[PDB]
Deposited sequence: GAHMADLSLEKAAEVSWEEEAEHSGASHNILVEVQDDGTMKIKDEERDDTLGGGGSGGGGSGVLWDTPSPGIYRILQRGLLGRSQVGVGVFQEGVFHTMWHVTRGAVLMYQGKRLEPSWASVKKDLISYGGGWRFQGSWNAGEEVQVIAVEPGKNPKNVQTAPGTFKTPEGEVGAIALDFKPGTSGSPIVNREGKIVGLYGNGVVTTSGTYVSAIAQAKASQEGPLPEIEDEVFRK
């Protein structure tokens, strides 16, 4: 006590063409033409951008309590994973900068950096970083639910995977794979990016 959490890199962010699809249904955008054709449409001194495991030292070894993403020197994860705890990376203490309990989000080292917005009917990929597994891209079709109207995803991952990022076809992050309500769906948890 304290400084019980530390980070370890696990992957880079990208959309994988030909990633595995999972889910009840697919959303497929079709282009129809009048001619009868139908078509299915320097080293920086900053933490290296990527996906990282958030790890807590336990009795059987370090267990993964969640995942997050460094982008532009800012670490983004879920509020329930750390609750504002300092994070150790390379001997350095990372202090929290911004949080939204309501969206279940938090950033360390600056304000929310993600710019992606998800659009109803598009499919996304979750870059699931499950405890003891290699990162895996899972293509899925979110539904929407009303309140902001929110994307929600019906996929089931191991405990500790929350904070894995959800990317669109451009490879931009549209949110983080959240905790769910239950018919287990997780919100696409996103905030607006920050400014001076």
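If a residue lacks a C-alpha atom here, it counts as unmodelled; so which stretches of the deposited sequence fall into that category?
The deposited sequence has unmodelled segments at 1-2, 44-62, 169-170, 206-209, 224-236.
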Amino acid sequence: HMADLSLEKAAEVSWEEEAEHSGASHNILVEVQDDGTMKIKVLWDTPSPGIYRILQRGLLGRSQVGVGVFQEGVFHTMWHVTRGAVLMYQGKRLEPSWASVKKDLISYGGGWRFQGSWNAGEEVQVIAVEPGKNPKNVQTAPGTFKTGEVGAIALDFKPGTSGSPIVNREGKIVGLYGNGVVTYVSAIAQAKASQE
From here on, numbers count along this sequence of modelled residues.
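Higher mean Cα B-factor in the deposited model: 28-36 or 127-135?
It is 28-36 that shows the higher mean C-alpha B-factor.
Quick one: say whether 148-156 or 162-170 has the higher mean Cα B-factor in the deposited entry.
Higher of the two, by average CA B-factor, is 148-156.
Can you tell me whether residue 83 has a C-alpha B-factor in the lowest, middle or highest third compared with the other modelled residues of the same chain?
It belongs to the lowest third of the chain when residues are ordered by C-alpha B-factor.
In terms of the CA temperature factor given in the entry, to which third of its chain does residue 94 belong: lowest, middle or highest?
Tercile = middle for this residue's CA B-factor.
Name the third of the chain's ranked CA B-factors that contains residue 58, choosing lowest, middle or highest.
Its C-alpha B-factor, which the entry lists for residue 58, ranks in the highest third among residues of this chain.
Going by the recorded CA B-factors, say which third of the chain residue 142 sits in, lowest, middle or highest.
For residue 142, whose C-alpha B-factor we compare with every modelled residue in the chain, the answer is the middle third.
Can you tell me whether residue 121 has a C-alpha B-factor in the lowest, middle or highest third compared with the other modelled residues of the same chain?
Highest third - that is where residue 121 ends up once the chain's C-alpha B-factors are sorted.
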